[PDB]
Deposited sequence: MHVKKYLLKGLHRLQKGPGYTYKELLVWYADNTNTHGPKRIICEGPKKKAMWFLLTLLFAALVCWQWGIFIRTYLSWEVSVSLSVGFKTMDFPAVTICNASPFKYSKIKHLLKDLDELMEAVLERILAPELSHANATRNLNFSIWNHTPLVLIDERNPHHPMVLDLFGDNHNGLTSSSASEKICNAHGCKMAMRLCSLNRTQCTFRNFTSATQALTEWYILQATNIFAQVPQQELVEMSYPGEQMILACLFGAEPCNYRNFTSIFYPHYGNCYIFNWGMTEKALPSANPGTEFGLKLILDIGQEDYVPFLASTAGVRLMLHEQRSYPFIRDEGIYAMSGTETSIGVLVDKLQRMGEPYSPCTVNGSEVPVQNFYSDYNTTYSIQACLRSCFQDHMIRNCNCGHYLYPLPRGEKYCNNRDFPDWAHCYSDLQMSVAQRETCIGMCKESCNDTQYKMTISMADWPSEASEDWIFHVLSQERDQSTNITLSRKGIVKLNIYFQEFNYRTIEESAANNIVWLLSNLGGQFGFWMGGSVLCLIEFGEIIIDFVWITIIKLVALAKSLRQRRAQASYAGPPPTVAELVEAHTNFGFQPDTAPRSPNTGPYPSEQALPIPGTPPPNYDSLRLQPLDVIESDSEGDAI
């Protein structure tokens, strides 16, 4: 038998680890030399849809071509490759990707009701087939640098620099910068609430240099997490707009359970059967890392290659249309299999420390119209340089609320 107890208030503790990413994975001016064939084909696809009355690298097209499927005639539904001459958008018509495999002898569609989503998903798949062929230490160089992003930083009263952030390549968002990770330095504590004693940032989005067909949303991604824990920012993260001062008040809501003799959770990675592919980051155990390692294991066994959005064990290769032609078919098969998702859930233990950095988020315009000129003129000098604009700059404060913890804990009777 276990008895629960509850504690609430303010306590001095390590300030959360904050990870900053840009909403675009790459700098278009630095990666357009790889994507030019795909961009020319994407604009030809858009012209075929939008302006049909008006050569291309069809080796890209034949990987997963988009098809119109027209069912306006129940006795003769007809499927047509995109390549008056109008494509159908009536109530009986849908748009799909033809995912073919085994020398194309047997294959299936992935279906969309709308062209905007069909084109988004098609381009993401094709761009992934291109990025998976670039070595990661070169792929890092055509993403956003800490020099460009972190215009100013100040923690409490201590000045700060982009060299205070640990850098990782999170393949869906490119380079990400982690403040106060507590990995190779001692983590910073704080002992007072309010913005005056918190993290103060000014960030440059570089919005005009986005990849046009990937970066549909503009802002930074943010995530608060424990020291020495991996930032799964595609699940947990929030956005922040440019042109505003965003203020985030943090409260650490924690729930601590008893271990194996009382519940099936774990305090370590031990006696979990899944091989942890995030181990090379030296991070602490997490159910999220276990689930993704389980998926990447199934991927490496069924497709014979690993997917680009996940880490990779030492002997394997990422999936390419050049090396592994069937990869898109088998990857969609795995990605959509709910039985596979439940298998990983049934295989990974969850950790006994559940913790949530609860946030109250508020916003206002920044700079004011009166204090605009001199702030942008001075911000232009904060780098070795001018290429700056209001639509690019975020002002961001992160701080502890008056009560900064709520802990619920189990104890043995």
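- When the deposited sequence is numbered from 1, the segments without any C-alpha atom are 1-77, 132-138, 168-179, 482-484, 513-640.
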